[PDB]
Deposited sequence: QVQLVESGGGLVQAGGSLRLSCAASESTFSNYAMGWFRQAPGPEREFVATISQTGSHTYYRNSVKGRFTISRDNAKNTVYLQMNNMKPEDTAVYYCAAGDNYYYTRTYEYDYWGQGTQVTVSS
C-alpha cells in the first residue's frame, strides 16, 4: 500500500551535507518501516526506521554522520547526510517494509526510483 517518490540527490564536496527525501502518496505510509539503501552490482542498507520512528538502525560506516527520520503527518522519510565522504557516492534508494530490523533488499517490499548522490575531493 505505497508508491515511493524519492528526491533529490546531487553534488556535494567532501565534508558537505545533503538531505534526501522519500514521499508516499498514501497515508498507509505509517504502516511501514522505511529503509535507505545505496548502490555504488549490489545494494547495501544505510539506515532503517520503524513505523512510529521509535527505533532506528545504522551501518557502522555512517553512524554519527547520517540521520534517518520520518514525518508521518507528511508521509515522508528523510536521510540527513553530514560530513559526507567520497565512499558515500552511489544511487540511493528508499524502501518500505514491515520491520526496521531487516537489512537486505528482499526483506523490503516497495522501492523508490533512486537518486544519484556524488561526493568529490
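Asks: Mind pulling out the bits of the deposited sequence that never got modelled, as residue ranges from 1?
Replies: No C-alpha coordinates exist for 41-42, and that is the only such stretch.
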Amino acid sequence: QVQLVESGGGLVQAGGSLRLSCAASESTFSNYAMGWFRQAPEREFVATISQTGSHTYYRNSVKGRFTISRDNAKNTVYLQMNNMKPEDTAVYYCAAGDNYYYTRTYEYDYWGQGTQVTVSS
From here on, numbers count along this sequence of modelled residues.
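Asks: Name the higher of the two by mean Cα B-factor in the PDB entry, 47-55 versus 61-69.
Replies: The entry gives the higher C-alpha B-factor average to 61-69.
Asks: Would you mind checking which of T76, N31, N82, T89 has the top Cα temperature factor in the PDB entry?
Replies: Of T76, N31, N82, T89, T89 has the highest C-alpha B-factor.
Asks: Which has the highest CA B-factor per the PDB entry: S25, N99, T103, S21?
Replies: In this record, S25 carries the highest C-alpha B-factor of the candidates.
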